[PDB]
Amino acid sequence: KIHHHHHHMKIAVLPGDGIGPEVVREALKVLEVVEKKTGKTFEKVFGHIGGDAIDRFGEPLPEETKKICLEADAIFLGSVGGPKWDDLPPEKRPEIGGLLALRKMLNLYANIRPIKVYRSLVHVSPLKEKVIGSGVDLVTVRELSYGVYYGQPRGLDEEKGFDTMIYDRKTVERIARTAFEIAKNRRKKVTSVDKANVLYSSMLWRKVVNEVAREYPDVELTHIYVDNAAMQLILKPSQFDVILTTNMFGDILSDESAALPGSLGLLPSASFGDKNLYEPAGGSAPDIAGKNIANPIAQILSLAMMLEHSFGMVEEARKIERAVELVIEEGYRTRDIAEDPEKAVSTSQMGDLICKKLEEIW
């Protein structure tokens, strides 16, 4: 879609449980800098989800929260879940009854997971410095609406279980275009990952991606098998810009690529849907909840994704990205990325450093 200049935006903020609130607080301090500099109004409507909603309403995704989510332009979500609520069944716990239920209600079709290895944290990566090479800067664009997680028929009886892996043209068109557009505004390269040598779903996938790629003549398209992509993420990850793939392969590969920066606290996530959903790629951290330890960068970079993809504020998002990088490049580390742990800054300190830097470079 075309993003026109808008000066009033509405965000549903659902801070969650445990570290959620701590890191969402910092993200919102960065949003305050953006607000000051751009003169735009971000109307924030706060909503209760997960443990917070169970306590207040008796259920993890109450009607009130759903209404807030459906009335906002974008949804900004912290983390949900904690030991207080474990021991509730399945359907009633935060992570299932709250988070998975929200995701389902949004009819999401794409998950976008950017992965950067910062030059200054290469020593934190599991990969040797020469393997990282000229650098890692990629994005997985994963199909979320169909494929094997939703294909019918599916079922389980006493002797067998089955699922159907299926793609159709309209589904693949939608996600392919998403990936091509992201590629257009990045390094103009898409790699599509499938298993077209063995699976019919993947033969259809590849056929339709090749069709869409004609609408984007300036974007380089390569195709690789998922097993070979799994090896290439480790042997030469710098070859990738946008990685376009299926529900299942994207699930496996985006988690593999998450090992590369070597901390989940660094990694943002966006899902595109009826409304877009912005959240850290990693989950609950019950053992540090409340201690001002958690790394806020994932939540902050999720804010940057929201600005870019919900609001078309691409320049602003790139400035947030730059301020994070500059603070890291300066040597500042939360515990999750510190070699010397007693030299770690807190959640709140890290958040203030990023805000002061963003004001500096703006």
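One-based numbering along the sequence shown.
Higher mean CA temperature factor between 37-45 and 299-307: 37-45, per the PDB entry. Between the stretches 83-91 and 270-278, it is 83-91 that shows the larger average CA temperature factor.
When the C-alpha B-factors of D168, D157, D163, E129 are read from the PDB record, the largest value belongs to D157. Residues shown: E143, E211, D218, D194. Highest C-alpha temperature factor in the entry: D218.
Ranked against the other modelled residues of its chain, the C-alpha B-factor of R318 as given in the entry falls in the middle third. Sort the modelled residues of the chain by CA B factor and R174 lands in the lowest third.
Sort the chain's modelled residues by C-alpha temperature factor and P153 lands in the middle third, per the entry. Remark: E32 belongs to the middle third of its chain, ranked by C-alpha B-factor as recorded.
For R333, the recorded CA temperature factor ranks within the middle third of the chain's modelled residues.
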